[PDB]
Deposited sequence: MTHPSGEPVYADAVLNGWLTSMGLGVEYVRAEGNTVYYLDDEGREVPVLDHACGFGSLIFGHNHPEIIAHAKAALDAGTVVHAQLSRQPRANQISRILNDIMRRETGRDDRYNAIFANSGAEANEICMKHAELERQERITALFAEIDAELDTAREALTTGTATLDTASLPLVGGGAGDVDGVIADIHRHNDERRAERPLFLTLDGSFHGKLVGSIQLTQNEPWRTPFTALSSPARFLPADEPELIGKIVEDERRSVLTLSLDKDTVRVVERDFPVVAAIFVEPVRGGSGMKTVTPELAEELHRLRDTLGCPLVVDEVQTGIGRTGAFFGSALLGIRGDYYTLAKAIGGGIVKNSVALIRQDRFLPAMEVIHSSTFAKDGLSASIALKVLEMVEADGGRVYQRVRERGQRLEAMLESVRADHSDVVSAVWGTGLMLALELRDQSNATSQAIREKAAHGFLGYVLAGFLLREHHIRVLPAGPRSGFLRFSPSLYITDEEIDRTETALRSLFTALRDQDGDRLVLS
């Protein structure tokens, strides 16, 4: 009845999915809520801030470091002074990229608050590159336009009339208008359907053969006068319409699908062809979570720029970064108020020390925990194929695909399937009946995500298996009354 100031529809919706619990403490892969009696129930967190918590909630090393930084009087707001930590971080990042790819490429670092802000710096930089390409194109055209004019009026050549669908001084200004309606047209950002970053086009990542035809349609030309000894033609010239190409090495919104080699080569072709940078968006992945620092490196994606965010905060603060290759870098760029802050930078260096510690024994751990957890999800799917289509992802960034339940026998399940809430409803079963926090991914919530810390135990994975077998038995048995509340 009473006045509410936030979360009225959210909290209402969460309760009806069976997810309306409040977490009062967290440590490692455990988050705790209070029962009616007032005691702390441990819940195993397979969400982990959508894969942000590669080190689990509130790792004692990150907590120690943060308390140490705060007592040390770390300068949080030092805008427009020397902040060496930015450079210190970009160094370790460049080093890791060199090590993981073979390439001896060098990247400049720009810091930001969110992953969206990191990709937006990339979009602006790519748009600066396209404008540079346009200035050069339109100059060449001016030089070709002059030459053509002093050659039609010299009488050394004559305007072939067959090219006029597209006097002299009139055709010049008539072209100069056509070229101007192009230059002030908006730039194009190629992205894959299942991803949004920061005037775009979403392409079918499942059908890469079809991407080339779709990009080919966006091809636009400007016009010029091509002098050829004795004659002058009105010819078409390629105008750079695409500013950048954006790829997540693991597509959350597609249910944690990995960039296939067939798609990696279509993105490389496009980048080589259109001449615009390939931006690798690793913001939503979580550093180390694929079993390499860089997903891009693991799956052989050769980016011109890269973004990072998740896990760089140590699960306590918010930090993001854009790496742009120095040989392309327009220093025109190089800031925001909260960006490049001192506290998030001190903690970044701690996380990078932690993930790189003991000759990268953290990446080894991630790979084998990921192998263990994938093998369990595959074991469950083999027995529960009526309700589970696939397991997707790599390392500790995995998901199960749910078979469509929009035709379900149960009214209660079928309603929820239809409204796009199946994943949330099955996640409500896993909370109340098994004390396991899972959240779905994908737009029909038709996937279940497993993105826990690298400290997940064999016992914890086993409890997850028991819980999934239980869930998928209930779903098979169309037990609406046990899966859906009311």
* **Deposited-sequence segments unaccounted for in the coordinates** => 1-5, 172-177, 210-232, 369-371
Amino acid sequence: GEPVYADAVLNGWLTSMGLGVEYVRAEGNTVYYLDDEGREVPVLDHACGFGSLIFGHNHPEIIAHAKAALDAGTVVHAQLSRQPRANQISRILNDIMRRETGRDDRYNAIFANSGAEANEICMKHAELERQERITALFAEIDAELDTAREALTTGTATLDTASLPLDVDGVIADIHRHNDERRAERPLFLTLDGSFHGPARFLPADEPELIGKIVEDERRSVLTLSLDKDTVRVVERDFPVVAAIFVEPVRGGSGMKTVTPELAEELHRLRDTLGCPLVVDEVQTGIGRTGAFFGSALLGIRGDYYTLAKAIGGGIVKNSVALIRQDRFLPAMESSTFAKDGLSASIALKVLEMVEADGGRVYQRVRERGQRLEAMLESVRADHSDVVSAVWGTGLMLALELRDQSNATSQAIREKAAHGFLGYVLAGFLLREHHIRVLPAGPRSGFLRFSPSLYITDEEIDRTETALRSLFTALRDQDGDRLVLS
From here on, numbers count along this sequence of modelled residues.
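Heads up, when I say rigid core I mean the largest set of C-alphas that superpose within 1.5 Å between the two forms.
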* in 8 other deposited structures of this protein, superposed on the rigid core, which stretch sits farther off in Cα RMS terms, 277-285 or 135-143? -> 277-285
* C-alpha RMS from this form in 8 other deposited structures of this protein, rigid core superposed: larger for 220-228 or 199-207? -> 199-207
* To do: With reference to the PDB entry, specify whether the mean Cα temperature factor is higher for 172-180 or for 374-382.
  => 172-180
* Residue range whose averaged C-alpha B-factor is higher in the record, 295-303 or 407-415 -> 407-415
* Asked: In the PDB entry, which of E262, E120, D281, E207 has its C-alpha at the highest B-factor?
  -> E207
* Based on the PDB record, which member of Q88, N108, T224, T135 exhibits the highest Cα temperature factor? -> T224
* Comparing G198 with the other modelled residues of its chain, is its CA B-factor in the lowest, middle or highest third? -> highest
* Asked: Which third, lowest, middle or highest, does the CA B-factor of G28 fall in along this chain?
  -> middle
* To do: Ordered by C-alpha B-factor within the chain, which third holds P443? Give me lowest, middle or highest, please.
  => highest
* To do: Classify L396 as lowest, middle or highest third according to the C-alpha B-factor given in the PDB entry, relative to its own chain.
  => middle
* So where's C276 on the chain's Cα temperature factor ranking, which third? -> lowest
